[PDB]
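Need coordinates for the following:
(chains A, B, C and D)
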Amino acid sequence: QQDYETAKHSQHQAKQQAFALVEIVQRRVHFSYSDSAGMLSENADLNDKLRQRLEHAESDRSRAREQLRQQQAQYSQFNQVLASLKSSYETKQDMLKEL
Amino acid sequence: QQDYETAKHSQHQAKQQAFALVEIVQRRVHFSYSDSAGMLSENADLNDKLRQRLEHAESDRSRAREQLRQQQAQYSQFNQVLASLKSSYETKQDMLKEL
Amino acid sequence: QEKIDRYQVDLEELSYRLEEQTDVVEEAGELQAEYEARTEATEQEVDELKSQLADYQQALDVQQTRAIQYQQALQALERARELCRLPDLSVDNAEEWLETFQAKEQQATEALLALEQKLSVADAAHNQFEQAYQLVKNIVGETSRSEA
Amino acid sequence: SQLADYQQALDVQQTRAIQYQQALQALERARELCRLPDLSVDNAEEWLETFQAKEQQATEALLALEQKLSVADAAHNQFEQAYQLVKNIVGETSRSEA
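Residues are numbered from 1 along each chain as shown, chains lettered A, B, ... in the order given. Right below this line is the structure:
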């Protein structure tokens, strides 16, 4: 019982620490807003900073789209070879049954 | 799991409510000069019609994406059954020449 | 001899099935590529409209004069009036409401963690129960949990 | 949308700036609870997966402990009867080895 009440207390420590770290993972996109906070401090015309932040985001988005297209093509190729093996196993199995 | 899901929804609403209250506290300084006024709605007609055409374009883009994703899905299943047929045909051909 | 003939007929049938699926895959590929070009064209049209809207408003919204800035405080307060069940909510008493709702939020996290401890042991206990059930089903086949 | 609708008037920028302060405040709270002054958004996933493994070890252990405490409800007589049965079959053995 002494070891088990200690394990229950240890589980609570892990849950509160992990919950706090998980909240920061949800807030990952909010840390990128440091530029938005610096932009807010301009208190005057800032359309150039807005367009620069957007152009960087456009460059990142374009690289991510290219990366996604080539991975989708590679995944489809792997899926067709896997299906080719499945069908080869089915015909070999049917031939074993027929023999 | 249903009780914990209900607790997670309740926590999300409590967090959203606390954040709405934090926004009011940060905006108390902005409320101080609420007596101020300025010009508004000079070129609003074309801006609103263009915003409506943009909403039509975004809704049409959403339809276009839905039709794109479902087509990629059926095309993938068609390519998958075709690859299954290719392997079955090739193995049956290899077995005919072996026989 | 007949087996070689049957396998040749099977290859003819598989060739007909291959022709039908190649035609279906080619039609589906043309529709896929056309919908890709069309969808990219819809994002291009959306971006063109957004850029033209930005270019058109340039002279209108730049001279903001810090006068149209307080309405955001009013909208934030009104949004909070619907989200928080406080029709009397004022920027003055919103500090007492903020600490009161922060108390409810930490209570909700503590209650969530309290439920999560029992949930984690229960979910893993059900995973071992399911493993024992799958092992029994693999060895004998379908049977009830009472008989497991 | 912010560039197209500049009439938005920095409302989203204020919301993003307050969210940035909320992210910083959460990170400081996590550095305190986890006792890690040395921490960043980029490497926090390493400590999170490490503590997730720690939590998995604590929950998987405690699950076996809950089954053991549940079967511990058996009275003194069952232990004695089982222990004496093993001792009568094999000869003298320790209770831990029974």
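
I'd like to know how many residues surround whichever residue of chain A sits closest to chain C.
Across chain A, no residue is closer to chain C than residue A:15, which sits at 4.9 Å (Cβ to the nearest Cβ). C-betas here are computed from N, CA, C, even on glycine. By other Cβ atoms under 10 Å in any protein chain shown, the residues close to residue A:15 number 20.

That one: which element?
Using DSSP states H and E, residue A:15 maps to helix A:2-26.

Check residue C:108 too.
Following DSSP H and E, one finds residue C:108 within helix C:94-139.

which helix is the longest one in the chain?
In the absence of a named chain, this looks at chain A. Counting residues, the longest helix in chain A under DSSP state H turns out to be helix A:47-98.

think we crossed wires, I meant chain C
Once chain C is assigned using DSSP H, the helix that runs over the most residues is helix C:2-61.

Would you agree the residue of chain A closest to chain C is in contact with residue C:119?
No: taking contacts as Cβ atoms under 8 Å, residue A:15 lies outside contact range of residue C:119: 10.7 Å.

and chain A, which residues reach chain D?
For chain A, the contact set with chain D under Cβ under 8 Å from any Cβ of the partner chain comprises A:1, A:3-4, A:7-8, A:10-11, A:14-18, A:20-25, A:27-28, A:30-31, A:33-34, A:36-37, A:39-40, A:47, A:50-51, A:54.

Revised request: answer the last question for chain C.
Taking Cβ under 8 Å from any Cβ as the criterion, chain C approaches chain D at residues C:50-51, C:53-54, C:57-58, C:60-62, C:64, C:68-69, C:72, C:75, C:117, C:120-121, C:124-125, C:128.

Over in chain A, which residue gets nearest chain B? Let me know.
Distances between chain A and chain B by Cβ to the nearest Cβ are smallest at residue A:87, namely 3.6 Å.

Please name the nearest non-neighbouring residue to that residue.
Sequence neighbours aside, residue B:87 is the residue nearest to residue A:87 in space, at 3.6 Å (criterion: Cβ to Cβ, 6 or more residues apart in numbering or on different chains).

In contact with that neighbour, which residues?
Residue B:87 makes contact with A:83-88, A:91, according to Cβ atoms under 8 Å, 6 or more residues apart in numbering or on different chains.

What count of nearby residues applies to residue C:97?
The burial metric for residue C:97, expressed as a neighbour count using other Cβ under 10 Å, is 21.

whoops, I mixed them up, residue C:141
A total of 7 residues lie near residue C:141 under the criterion other Cβ under 10 Å.

State the phi and psi torsions of it.
Recorded main-chain torsions at residue C:141 are phi 110, psi -160, according to degrees, to the nearest 10.

mind listing what the residue of chain A closest to chain C touches?
Residue A:15 sits next to C:113, C:116-117, D:55 when contact means Cβ under 8 Å, 6+ apart.

Pull the residues that contact stretch C:16-25.
The set of residues that contact stretch C:16-25 without belonging to it, under Cβ under 8 Å, 6+ apart, is B:75, B:78-79, B:81-82, B:85-86, B:89.

which among the residues you listed end up buried?
Taking 16 or more other Cβ atoms under 10 Å in any protein chain shown as the criterion, what is buried in the contacts of stretch C:16-25 is B:75, B:78-79, B:82, B:85-86, B:89.

need those residues in TSV with distance to chain C, can you?
Putting the buried ones among the contacts of stretch C:16-25 into TSV (distance: Cβ to the nearest Cβ, whole Å) gives the following:
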residue	distance to chain C
B:75	4
B:78	5
B:79	6
B:82	4
B:85	5
B:86	7
B:89	4
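
Just give me the closest of those residues to chain D.
Using Cβ to the nearest Cβ, residue B:75 is the member of the buried ones among the contacts of stretch C:16-25 that lies nearest chain D, at 32.5 Å.

Quick check, the residue in chain C closest to chain D?
The shortest separation between chain C and chain D is 3.7 Å, found at residue C:61 (distances taken as Cβ to the nearest Cβ).

distance of the closest residue in space to that residue that isn't next to it in sequence from residue D:65?
In space, and not counting its chain neighbours, residue C:61 is closest to residue D:6: 3.7 Å by Cβ to Cβ, 6+ apart. Counting by Cβ to Cβ, to the nearest Å, the gap between residue D:6 and residue D:65 amounts to 61 Å.

Now do the contacts for the nearest residue to residue A:80 once chain neighbours are set aside.
Sequence neighbours aside, residue B:83 is the residue nearest to residue A:80 in space, at 4.2 Å (criterion: Cβ to Cβ, 6+ apart). Taking Cβ under 8 Å, 6+ apart, we find residue B:83 in contact with A:80-81, A:83-84, A:87.

what does residue A:25 give?
Taking Cβ under 8 Å, 6+ apart, we find residue A:25 in contact with D:44-45, D:48.

now swap in residue A:20 and tell me
The neighbours of residue A:20, taking Cβ under 8 Å, 6+ apart as the test, are D:26, D:29-30, D:33-34.

Next: residue C:72.
Applying Cβ under 8 Å, 6+ apart to residue C:72 gives the contacts B:27, B:30, D:9-11, D:14.

Sticking with it, tell me its helix or strand.
Secondary structure (DSSP H and E) places residue C:72 in helix C:71-83.

So what angle separates the directions of that helix and helix C:94-139?
With axes from the mean of the first three to the mean of the last three Cα atoms, to 10 degrees as the basis, helix C:71-83 and helix C:94-139 are set at 60 degrees to each other.

quick one: the longest helix of chain C to helix A:47-98, angle?
In terms of direction (the same axes, to 10 degrees), helix C:2-61 departs from helix A:47-98 by 170 degrees.

gap between helix C:2-61 and the chain center?
For helix C:2-61, the distance between its averaged C-alpha position and the chain's averaged C-alpha position is 24 Å (Cα atoms, centre = their mean, to the nearest Å).

again with stretch C:84-101
Put simply, stretch C:84-101 sits 33 Å off its chain's centre (Cα atoms, centre = their mean).

do stretch A:74-84 as well
Going by Cα atoms, centre = their mean, the spacing between the C-alpha centre of stretch A:74-84 and its chain's C-alpha centre is 23 Å.

Pull that stretch out as PDB, backbone CA atoms only.
Backbone C-alpha positions of stretch A:74-84 (Å, rounded to 0.1, in the frame of the first residue of the first chain) are rendered in PDB as follows:
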ATOM      1  CA  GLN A  74       6.000   8.400 -53.700                       C
ATOM      2  CA  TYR A  75       3.200   7.100 -51.400                       C
ATOM      3  CA  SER A  76       0.900   6.300 -54.400                       C
ATOM      4  CA  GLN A  77       3.800   4.300 -56.000                       C
ATOM      5  CA  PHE A  78       4.400   2.400 -52.700                       C
ATOM      6  CA  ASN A  79       0.700   1.700 -52.500                       C
ATOM      7  CA  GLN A  80       0.600   0.300 -56.100                       C
ATOM      8  CA  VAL A  81       3.600  -2.000 -55.500                       C
ATOM      9  CA  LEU A  82       2.000  -3.200 -52.200                       C
ATOM     10  CA  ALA A  83      -1.200  -4.000 -54.100                       C
ATOM     11  CA  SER A  84       0.900  -5.800 -56.700                       C
END
